[PDB]
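Content type PDB, C-alpha atoms and all ligand atoms, from the file target01.pdb:
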ATOM      1  CA  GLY A   1     -18.795  12.752  25.562
ATOM      2  CA  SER A   2     -16.595   9.633  26.056
ATOM      3  CA  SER A   3     -17.684   6.750  28.384
ATOM      4  CA  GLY A   4     -15.827   5.775  31.624
ATOM      5  CA  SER A   5     -13.128   7.548  33.735
ATOM      6  CA  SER A   6     -10.031   6.280  31.762
ATOM      7  CA  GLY A   7      -8.876   4.894  28.352
ATOM      8  CA  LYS A   8      -7.167   1.554  27.403
ATOM      9  CA  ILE A   9      -3.529   0.839  26.350
ATOM     10  CA  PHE A  10      -1.833  -2.305  24.868
ATOM     11  CA  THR A  11       1.745  -3.509  25.721
ATOM     12  CA  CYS A  12       4.239  -6.075  24.294
ATOM     13  CA  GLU A  13       5.383  -8.861  26.697
ATOM     14  CA  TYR A  14       8.696  -9.442  24.769
ATOM     15  CA  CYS A  15      10.159  -5.866  24.365
ATOM     16  CA  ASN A  16       7.852  -3.686  26.620
ATOM     17  CA  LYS A  17       6.718  -1.428  23.665
ATOM     18  CA  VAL A  18       3.373   0.411  24.037
ATOM     19  CA  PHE A  19       0.552   0.659  21.427
ATOM     20  CA  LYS A  20      -2.740   2.661  21.118
ATOM     21  CA  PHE A  21      -4.804  -0.291  19.720
ATOM     22  CA  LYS A  22      -4.825  -4.134  20.020
ATOM     23  CA  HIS A  23      -4.473  -4.562  16.206
ATOM     24  CA  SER A  24      -1.166  -2.562  16.309
ATOM     25  CA  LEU A  25       0.140  -4.899  19.074
ATOM     26  CA  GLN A  26      -1.076  -8.023  17.137
ATOM     27  CA  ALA A  27       0.796  -6.832  13.994
ATOM     28  CA  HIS A  28       3.912  -6.011  16.129
ATOM     29  CA  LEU A  29       3.897  -9.513  17.801
ATOM     30  CA  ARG A  30       4.691 -11.050  14.322
ATOM     31  CA  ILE A  31       8.408 -10.105  14.867
ATOM     32  CA  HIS A  32       8.525 -12.127  18.147
ATOM     33  CA  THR A  33       6.721 -15.225  16.698
ATOM     34  CA  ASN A  34       8.808 -14.981  13.436
ATOM     35  CA  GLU A  35       6.589 -17.790  12.010
ATOM     36  CA  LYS A  36       7.004 -17.131   8.203
ATOM     37  CA  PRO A  37       8.751 -20.301   6.784
ATOM     38  CA  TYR A  38      10.680 -18.912   3.755
ATOM     39  CA  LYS A  39      13.426 -16.680   5.281
ATOM     40  CA  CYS A  40      16.065 -14.719   3.304
ATOM     41  CA  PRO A  41      19.745 -15.840   3.796
ATOM     42  CA  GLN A  42      20.881 -12.223   2.982
ATOM     43  CA  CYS A  43      18.510  -9.964   5.072
ATOM     44  CA  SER A  44      15.721  -9.856   7.763
ATOM     45  CA  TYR A  45      13.063 -10.662   5.062
ATOM     46  CA  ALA A  46      10.595 -13.589   5.318
ATOM     47  CA  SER A  47       7.743 -15.066   3.164
ATOM     48  CA  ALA A  48       4.892 -17.641   3.301
ATOM     49  CA  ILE A  49       5.704 -18.726  -0.347
ATOM     50  CA  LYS A  50       9.002 -20.042  -1.885
ATOM     51  CA  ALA A  51       8.200 -18.363  -5.254
ATOM     52  CA  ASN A  52       7.671 -14.997  -3.442
ATOM     53  CA  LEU A  53      11.082 -15.537  -1.720
ATOM     54  CA  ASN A  54      12.600 -16.033  -5.250
ATOM     55  CA  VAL A  55      10.945 -12.686  -6.336
ATOM     56  CA  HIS A  56      12.738 -11.166  -3.287
ATOM     57  CA  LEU A  57      16.170 -12.915  -3.789
ATOM     58  CA  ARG A  58      16.517 -11.458  -7.348
ATOM     59  CA  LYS A  59      16.533  -7.931  -5.725
ATOM     60  CA  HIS A  60      19.888  -8.746  -3.987
ATOM     61  CA  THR A  61      21.332  -8.912  -7.598
ATOM     62  CA  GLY A  62      19.112  -6.071  -9.025
ATOM     63  CA  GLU A  63      19.920  -2.485 -10.179
ATOM     64  CA  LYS A  64      18.314   0.890  -9.190
ATOM     65  CA  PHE A  65      17.001   3.715 -11.423
ATOM     66  CA  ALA A  66      17.016   7.295  -9.997
ATOM     67  CA  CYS A  67      14.651  10.291 -10.464
ATOM     68  CA  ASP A  68      15.703  13.442 -12.407
ATOM     69  CA  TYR A  69      13.345  15.669 -10.299
ATOM     70  CA  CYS A  70      13.775  14.324  -6.676
ATOM     71  CA  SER A  71      15.832  11.848  -4.506
ATOM     72  CA  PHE A  72      13.574   8.812  -5.383
ATOM     73  CA  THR A  73      14.887   5.362  -6.515
ATOM     74  CA  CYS A  74      13.160   2.156  -7.740
ATOM     75  CA  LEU A  75      14.176  -1.213  -9.338
ATOM     76  CA  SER A  76      12.657  -0.581 -12.858
ATOM     77  CA  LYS A  77      12.844   2.241 -15.481
ATOM     78  CA  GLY A  78       9.116   1.518 -16.157
ATOM     79  CA  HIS A  79       8.274   2.109 -12.457
ATOM     80  CA  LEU A  80      10.436   5.301 -12.603
ATOM     81  CA  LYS A  81       8.448   6.621 -15.643
ATOM     82  CA  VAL A  82       5.232   5.936 -13.611
ATOM     83  CA  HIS A  83       6.755   7.815 -10.582
ATOM     84  CA  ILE A  84       7.558  10.824 -12.866
ATOM     85  CA  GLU A  85       4.039  10.798 -14.458
ATOM     86  CA  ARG A  86       2.317  10.838 -10.974
ATOM     87  CA  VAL A  87       4.661  13.018  -8.828
ATOM     88  CA  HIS A  88       6.307  15.499 -11.290
ATOM     89  CA  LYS A  89       3.831  15.526 -14.283
ATOM     90  CA  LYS A  90      -0.019  15.540 -14.491
ATOM     91  CA  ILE A  91      -1.806  12.127 -14.623
ATOM     92  CA  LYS A  92      -3.305  11.255 -18.078
TER      93      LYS A  92
HETATM   94 ZN    ZN A 101       7.600  -6.437  21.115
HETATM   95 ZN    ZN A 102      16.720 -10.528   1.389
HETATM   96 ZN    ZN A 103      10.860  12.018  -8.408
END

Using structure tokens, write down the structure that the file contains.
Amino acid sequence: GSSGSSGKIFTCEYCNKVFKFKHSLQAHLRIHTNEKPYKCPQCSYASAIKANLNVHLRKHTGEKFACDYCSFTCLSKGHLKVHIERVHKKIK
């Protein structure tokens, strides 16, 4: 059986949210530090690389492709063919 008389719980000091593990709190605290340098001017997105921010910024002028079998959408017809082959067909 389990050791001790009680468990342990982890809590945010900035928004009072509660987490089951310390690693979940450490990953949550990233929103309160907001330390990623390359921030999007259009949305809440941020990056550690200017080239990776450029790979994000092109999505604000992108176009979606939609599934014929479900409600799914993605930003490439090649990615859509690979969605269909995995989710609606058998994998080759
Ligand atoms: Zn918080
Ligand atoms: Zn953005
Ligand atoms: Zn689909």

Inset, instruction - Give me the residues within 9 Å of region 1-10 of chain A as number ranges by chain, counting only C-alpha atoms and dropping any in the same chain fewer than 2 places off. - result: A: 12, 17-22, 24-25

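Using all atoms listed in the file, the nearest neighbour of ligand ZN 103 (chain A) within the list A:85, A:79, A:56, A:67 is A:67.
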
Inset, instruction - Name the residues that the PyMOL selection byres (((not hetatm)) within 7 of (chain A and resi 103)) picks from the file above, as a ChimeraX atom specification, using the file's chain letters and numbers. - result: /A:67-72,83-84,87-88

For the PyMOL selection byres (((not hetatm)) within 7 of (chain A and resi 101)), applied here, can you spell out every residue it catches as a PDB file with C-alpha atoms, keeping the file's coordinate frame?
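Output saved as part39.pdb:
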ATOM      1  CA  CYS A  12       4.239  -6.075  24.294  1.00  0.00           C
ATOM      2  CA  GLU A  13       5.383  -8.861  26.697  1.00  0.00           C
ATOM      3  CA  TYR A  14       8.696  -9.442  24.769  1.00  0.00           C
ATOM      4  CA  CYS A  15      10.159  -5.866  24.365  1.00  0.00           C
ATOM      5  CA  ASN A  16       7.852  -3.686  26.620  1.00  0.00           C
ATOM      6  CA  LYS A  17       6.718  -1.428  23.665  1.00  0.00           C
ATOM      7  CA  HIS A  28       3.912  -6.011  16.129  1.00  0.00           C
ATOM      8  CA  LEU A  29       3.897  -9.513  17.801  1.00  0.00           C
ATOM      9  CA  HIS A  32       8.525 -12.127  18.147  1.00  0.00           C
TER      10      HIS A  32
END

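Checking A:26, A:82, A:36, A:62 one by one against residue 50 (chain A), counting only C-alpha atoms, you find the shortest gap at A:36.
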
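One finds CA of residue 75 (chain A) at 10.7 Å from CA of residue 58 (chain A).
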
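You will find CA of residue 45 (chain A) at 14.0 Å from CA of residue 33 (chain A).
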
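The gap separating CA of residue 48 (chain A) from CA of residue 34 (chain A) is 11.2 Å, in Å to one decimal.
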